[PDB]
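1. would you be able to build a 3D model of this:
(chains A, B, C, D, E, F, G, H and I, ligands or ions: 3)
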Amino acid sequence: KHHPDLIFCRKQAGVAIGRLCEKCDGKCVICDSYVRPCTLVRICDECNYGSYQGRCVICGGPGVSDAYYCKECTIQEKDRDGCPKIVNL
Amino acid sequence: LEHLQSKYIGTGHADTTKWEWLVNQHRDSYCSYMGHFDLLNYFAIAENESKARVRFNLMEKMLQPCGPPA
Amino acid sequence: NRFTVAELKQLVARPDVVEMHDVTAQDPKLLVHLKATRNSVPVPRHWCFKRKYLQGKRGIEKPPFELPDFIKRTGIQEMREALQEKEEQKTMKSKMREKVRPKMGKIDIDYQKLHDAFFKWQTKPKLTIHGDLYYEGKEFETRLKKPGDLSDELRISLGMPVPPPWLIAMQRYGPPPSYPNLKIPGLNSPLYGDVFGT
Amino acid sequence: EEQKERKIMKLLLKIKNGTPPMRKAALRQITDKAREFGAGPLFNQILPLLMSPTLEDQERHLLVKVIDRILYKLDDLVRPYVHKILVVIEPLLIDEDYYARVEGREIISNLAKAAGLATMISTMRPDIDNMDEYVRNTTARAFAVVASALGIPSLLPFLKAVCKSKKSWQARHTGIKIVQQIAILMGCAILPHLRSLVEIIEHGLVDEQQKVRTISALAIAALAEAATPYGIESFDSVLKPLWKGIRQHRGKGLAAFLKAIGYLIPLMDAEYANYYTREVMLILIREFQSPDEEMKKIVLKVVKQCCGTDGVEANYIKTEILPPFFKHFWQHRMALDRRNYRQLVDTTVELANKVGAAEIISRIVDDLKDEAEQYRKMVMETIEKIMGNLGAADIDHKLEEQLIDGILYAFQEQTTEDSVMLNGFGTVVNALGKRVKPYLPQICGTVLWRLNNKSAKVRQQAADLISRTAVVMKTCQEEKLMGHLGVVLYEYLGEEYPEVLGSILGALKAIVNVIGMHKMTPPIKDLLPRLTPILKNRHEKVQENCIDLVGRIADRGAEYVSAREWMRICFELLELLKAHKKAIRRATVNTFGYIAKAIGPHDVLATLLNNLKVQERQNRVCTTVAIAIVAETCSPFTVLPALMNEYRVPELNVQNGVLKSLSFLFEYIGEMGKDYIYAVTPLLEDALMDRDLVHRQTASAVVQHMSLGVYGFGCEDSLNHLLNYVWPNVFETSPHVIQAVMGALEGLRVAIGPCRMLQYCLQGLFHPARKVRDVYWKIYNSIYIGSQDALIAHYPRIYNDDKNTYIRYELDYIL
Amino acid sequence: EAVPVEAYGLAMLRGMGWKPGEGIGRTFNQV
Amino acid sequence: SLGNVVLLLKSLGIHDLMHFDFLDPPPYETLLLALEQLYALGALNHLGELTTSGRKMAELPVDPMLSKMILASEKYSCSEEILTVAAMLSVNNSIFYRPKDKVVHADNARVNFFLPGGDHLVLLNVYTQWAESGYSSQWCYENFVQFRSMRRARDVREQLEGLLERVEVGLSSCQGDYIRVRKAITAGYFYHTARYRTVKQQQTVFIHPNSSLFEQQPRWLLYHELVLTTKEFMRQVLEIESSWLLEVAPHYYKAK
Amino acid sequence: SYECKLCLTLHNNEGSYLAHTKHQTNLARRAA
Amino acid sequence: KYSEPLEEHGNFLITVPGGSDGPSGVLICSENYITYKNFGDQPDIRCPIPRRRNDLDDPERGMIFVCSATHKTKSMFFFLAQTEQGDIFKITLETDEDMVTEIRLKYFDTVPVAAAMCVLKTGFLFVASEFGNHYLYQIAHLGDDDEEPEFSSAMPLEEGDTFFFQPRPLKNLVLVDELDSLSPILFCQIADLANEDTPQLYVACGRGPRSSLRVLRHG
RNA sequence: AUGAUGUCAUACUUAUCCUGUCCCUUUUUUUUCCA
Ligand SMILES: [Zn+2]
Ligand SMILES: [Zn+2]
Ligand SMILES: [Zn+2]
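-> Numbering: from 1, shown residues only, chains lettered A, B, ... in the order given. Ligands and ions are numbered 1, 2, ... in the order given. Sharing the structure here:
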């Protein structure tokens, strides 16, 4: 369900909280699964602060729900990898 | 690949030298011996050595891993 | 800029591990030192093969699957095949007729038979070694048929009890010139069942 | 000279054309030889580079790095080129772009750290008296950046010499603009200089010049905002002439004095703030009729600041300010401007939260019944926000009935698609709670009257109101009324419009969720045969709401519908899985799991095994997902012999479906599937040994999800057994299968451990082939990035070679 | 046509100066 | 910018162009890009002064970017076609009259006017078939063309035929060698080129719906105009391959 | 899938093997 | 902001607390040289670490601050440091709020083999031992009670040795608690040979003469 | 003996996604003719 392009930031996560839209709600932010969503998503930057306020960290809809890492990704601890909010390049 | 992964410790390719990989492995081993509390205690209580002297020896061995390069 | 195979044989302790093209590497001594350990694996030979990995079989057919013993003891295959053959003999008119009016009884045998097949009748399979490399073959070389040891068919058809009829000839010839490292127990090296030597 | 300029051009082309390591080396060489080349050609090559418009963002960032390193390595060597750097970076100091303004502030900080603040003060001393407004504002921005770079008292005696002097009012205006910009830039850093800034600005605060007095009041307001909440005794020097200036100043000076009074009012003493609020509220009542839009916005901001200011009581405010506020500011002209309407709504919500929302509700109940649609929607949104803030406890029953009649009139004249007033309707009625039980039947009768409309959207909005109000209807548990409305909606179920049908279906979803189980009329066996041809509709919202209602029914009520009808519903859902919405397919999977929990897992698994091999199209991954849910909710030990026998079908897609359902099921169950690893071993081995590499890709997904699932349970021997096929299968070509190989390798390195992965990678990274060695090196680099912790312990023993010491004596030094 | 011959006019303009009307960027009430 | 009048103010005796007296000065980046464009043109020396060709391209009042039409004329001829093109692309009002309603009739006439190789050849066919058509209003009515602006374009064509002895360029033509005509067009249009992206401005391109090549987005296209209305639009495009693009201004061109 | 033993040719569709009827060249090569 | 380069590598560093607690400086330790300097116009006061009077240890082991603790009063702060021998040397601060001038490092008490030492107030001084007993000490004197010599940073020398500060008596403070730690437990021998309710486990541990076998029996 | 290689159709992958665009104004040099 992923793409070879569209890297997000690869920048270390801070206090700006991730946020999911309805069009891709419930999926994981990394492997897009639905099994035990464990860890809150932090998006490291002005990915939340400013123009993209309350927006999707995935495709681009109106962000309504807190984005979660799943327990399968936090088994290898992919939650510390950084910002998953997509910046188009 | 990724730019941050290239900036991360452990980036290597087929063009990476064996001596450079061994130097990076020795630097990572010195960093792991500095970080581990049990391994540093085992390295310090082996002889009549101080903890600050062992830390200075580890800081010297970090540069000594790149000390005699190719 | 590089040494030959005889110089690599003199320099390294494992001259058989020195490959033909590994001496053309940037660090052939480091490659030989890495390959000299007992916990190393080779490169799969598709890098040397023009044919791709598991693609060029192209003229054979294989059986699809063999079920494990607990699954065959539960026996889902018989009424599954009966249902599949009944569906094949059904027309498509009968197919949406049975769609709009369904019927009972798919299998409905029990639950604890399948539960015991999964747990109590569970058998661990023969998992191979850490250093196994699979290729186009890698499922057929099971003879290592020991050298100096006969087979079960040779024990049965020639009347050899667990005494071969060629045992005196093998002991008179001693070690054979084909396999000088072969051991023939009972005639040459004084051995249970088919494998009567090593 | 010429050779130095040629070397400067060579380093510039190496920075702008070579590799970024070569650019960093050229920047290091420029920082080394800045004293050799001089700041002359350095400035004469940097100012064309700063003036180049087509430079890249990375190019100007590297230019900022080079200028910072050259300034650190040269310091006062660019002292004659202070004026050239100032005239280059004065557009950069007044840059409208935020990143360019930050880079200009960093360049100004570098220039202040290198050359010195005295040269910049001598440069800006003739520019302090700039009568031109744009030139004076550029000088104000540059002097604010210089004051932030060099601190307050580096230029505070110079500012006290300039601003207190009466040389020109333009110089005074520019200096007070410098003071206000520096206070806005500093914020909390102007707190120790609060009395100094008050003494500096007290001379211009009573100036006869209107612009100088206006910028002095603006700087006083900016200082009161910046030093919040310190410097109250510093700002109390101009406390007494502020009340006199509220009566003396007119126009823009009056607005600046009112803004300074509103900024100094929450930092004052409570008796003093009460006396000043009582003094200035009479002027603010006269300031309610300000015809200017910016002046009215400033007055409304002052009203919001006075509402946020404590110590001004509540009864005095509600008696004095609020009926002129509703007379003047609550008007259609203020509501038409959307910034003014939003500011008016926020100020009214803040005032209602400060002094009770009952007064605002009683003053806006008629404006909710006003005939203007956008004005009434803004009023109803304000009443909804006030009810969400305070509550309905302060609302009397007659005022609540009047508000109910007003919002029912608003729903009558709700011409637009205004769901915000529907949400406000639900908010006010939910805040009423159990008090709407007298209000229930006339509201229900009017909604049923609107449900007889010619217009589809009117009945659609009425059904949406039913969906919003089902919960608050069942709060008092009006079971007979809820059953009667369920029977009426059961009659309404034959609607020919899809949006109306979806709204009706969502209303029924809410009603079934709020009634209780044994208390709806008609019951579940009297409803699901009616619901059965509804699922044959082709509209997406109807399908989504009907599948959600079937999910709630098959979740709760399995005890009314025969399993024949349940698998007929499954037969319908097999055709319904080809819908475009992944949420619809996911809820279809959920209904399949509910029906498998209800009726038993045999016939539904036989049906899905028939369907999955028969689909073979751009679907059926959801069929594998549904098969995984049927297994996982209902004990996959039963399901696994049937799926294992269905793997033996040679039909070229059923094996891919078996493996996809296996991967999804292992990901769903996690650690409970440790006993089935021996069962899934030979099928995964045969799929990895299969000639069709899509089967090997999906088996790699199986291995990845199993390594995700049962890590820490002794399955590493079977994981290594499957990895004995996976690691030979690293010769893949397609991106999908090589991503599956990478994910399975990451999962196996997580599962078994880093030592076996290092034993695999170290024997392949030294390959003579560049591509194979680079691929194994990338795999090893990914494994080391994942497992850099235990890699030192898992590193093999290597002796010290002739290059450096490699046999580590730290391992030998063991206590 | 060469590389440094296209920058002597920019060097002369940098030595002369920059006028506020020469590229008047409209910006007011900045914060 | 000042791309039409920098050449004229240079040829009317002013070398201190940015030091020249005015009410307000122009932006210096416009002057710098005009001078660097003139460096990429064959109009300025290394000292930034007009040549004989730089004076002769100011004899005629068209833009220098459209005077490299004339400078590529008589290089390998095709002069008449590109001189007609340089006349008709100097129009003020836009070509083609597509009103409210009708639509499909004007579209079908315009599609009949379409030729591959950009809309310059399309409107060149418009002017070519308007020649030997009596120069009638009935032609432009039935072909949905404004009969006010392209009459001024044939007047510009008459004037530029008259103003040819001062630059000493004949009215040669290659007689249907329109790929060589496009070679001269590309010899003119080297600064305004693009690969779905402009290679100089680094902007993602968008093709106008009124262009003749709105469909079939190419690997290499030049353009004439950079007007943003809703998107970063490409106005008056032409198909290229960046072969003879590398021939003209090689100092401007590097790394494909 | 369909296998042509006269060519050792894979076929995903039956029409691929039906059109595979070069086939006679490799058939005559295997006949030798 | 600041970058002070040192040719000698910094094994450890102790920072003087700025403001009213003293200068805003740091003392980088080396072999018999604690360079105290501040970020600004301050002198690099190289306080020599006071060696023992006729020390029997070889001079290859340079005296460096293995454990350092700044025990601060209401105004000033003393610095207790342990050398390569590990003796507790209390150091004053005669900086006089201008530059680092004098740090009167006098060996106030002889200290045992301690991995770390932290000296709080109200009679609290916890010295964690690498081998042996970790010592919690209560203050008796003012901390400057040194029976050994004083090596100040402003005290001149011949640039070859320091003040010959031999092993002094513990006059500044008294170790009120000595909690014995089994680490580093090298050898072990657990048996029920002794008459006890549980078996005696003898863990042989410690370094050199500061080494013992602790036999523990429970019940 | 299995490689290179052509846009040839069919297959499959991706819980891939169900799809967007027509400009306000505006000025720019020079030469012959029959009873
Ligand atoms: Zn995940
Ligand atoms: Zn989304
Ligand atoms: Zn980010």
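
2. for stretch F:82-98, the distance to its chain's centre please.
-> In this view, stretch F:82-98 has its centroid 9 Å away from the chain centroid, taken as Cα atoms, centre = their mean, to the nearest Å.

3. what about that stretch and RNA strand I, touching?
-> Yes. Residues of stretch F:82-98 contacting RNA strand I under Cβ under 7 Å from any atom of the strand: F:90, F:92, F:93, F:94, F:98. Quick note: C-beta positions are derived from backbone N, CA and C, even for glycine.

4. residue contacts, whatever residue of chain A ends up closest to chain B?
-> Of all residues in chain A, residue A:10 sits closest to chain B, at 4.3 Å by Cβ to the nearest Cβ. For residue A:10, the contact set (Cβ atoms under 8 Å, 6 or more residues apart in numbering or on different chains) comprises A:81, A:82, A:83, B:2, B:3, B:4.

5. can you report phi and psi for it?
-> phi 50, psi 50 (degrees, to the nearest 10).

6. what's the burial count for the nearest residue to it once chain neighbours are set aside?
-> Once flanking residues are discounted, residue A:10 sits nearest to residue B:4: 4.3 Å by Cβ to Cβ, 6 or more residues apart in numbering or on different chains. Number of residues near residue B:4 (other Cβ atoms under 10 Å in any protein chain shown) recorded here: 16.

7. in which helix or strand would I find residue B:4?
-> If you go by DSSP states H and E, residue B:4 is part of helix B:3-7.

8. outside of that helix, which residues touch it?
-> Contacts for helix B:3-7 (Cβ under 8 Å, 6+ apart): A:10, A:11, A:82, B:11, D:781, D:785.

9. shouldn't the third one be in contact with residue A:9?
-> To tie it back to what came earlier, the one meant is residue A:82. Yes. Counting by Cβ atoms under 8 Å, residue A:82 does reach residue A:9; the two are 6.1 Å apart.

10. who touches both of those two?
-> Counting by Cβ under 8 Å, 6+ apart, the residues touching both residue A:82 and residue A:9 are residue A:44.

11. in the strand or helix carrying residue D:300, what's buried?
-> Per DSSP H and E, residue D:300 falls inside helix D:293-308. For helix D:293-308, a neighbour-count test (16 or more other Cβ atoms under 10 Å in any protein chain shown) marks D:295-307 as buried.

12. can you count the residues close to the residue in chain E positioned nearest to ligand 2?
-> Taking Cβ to the ion, ligand 2 has its nearest neighbour within chain E at residue E:31, 33.1 Å off. The local packing of residue E:31 (other Cβ under 10 Å) involves 5 other residues.

13. any idea how far residue D:141 is from it?
-> Using Cβ to Cβ, to the nearest Å, residue E:31 is found at 11 Å from residue D:141.

14. next one: stretch D:415-432 to chain centre, how far?
-> With Cα atoms, centre = their mean as the basis, stretch D:415-432 stands 25 Å off its chain's centre.

15. output the helix holding residue D:300 as CSV, nothing but the C-alphas.
-> The C-alpha atoms that make up helix D:293-308 are tabulated as CSV, following Å, rounded to 0.1, in the frame of the first residue of the first chain:
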residue,chain,number,x,y,z
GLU,D,293,-13.8,48.5,10.6
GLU,D,294,-10.3,48.5,12.0
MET,D,295,-11.3,50.8,14.9
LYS,D,296,-14.3,48.5,15.6
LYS,D,297,-12.0,45.5,15.6
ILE,D,298,-9.7,47.2,18.0
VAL,D,299,-12.6,48.2,20.2
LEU,D,300,-13.9,44.6,20.1
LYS,D,301,-10.4,43.4,21.0
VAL,D,302,-10.4,45.9,23.9
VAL,D,303,-13.8,44.4,25.0
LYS,D,304,-12.4,40.9,24.8
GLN,D,305,-9.3,42.0,26.9
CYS,D,306,-11.6,43.7,29.5
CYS,D,307,-13.7,40.5,29.6
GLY,D,308,-10.5,38.5,30.2
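
16. what about the helices in chain G?
-> Assigned by DSSP state H, chain G shows helices spanning G:14-19, G:24-31.

17. with only the CA atoms kept, save the shortest one in CSV.
-> Spelled out, that is helix G:14-19. C-alpha atoms of helix G:14-19 as CSV (Å, rounded to 0.1, in the frame of the first residue of the first chain):
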residue,chain,number,x,y,z
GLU,G,14,-4.0,-21.2,-23.8
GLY,G,15,-4.1,-18.9,-26.8
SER,G,16,-0.3,-18.4,-26.4
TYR,G,17,0.2,-22.2,-26.8
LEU,G,18,-2.3,-22.2,-29.6
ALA,G,19,-0.4,-19.5,-31.5
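
18. cool, thanks, talk later.
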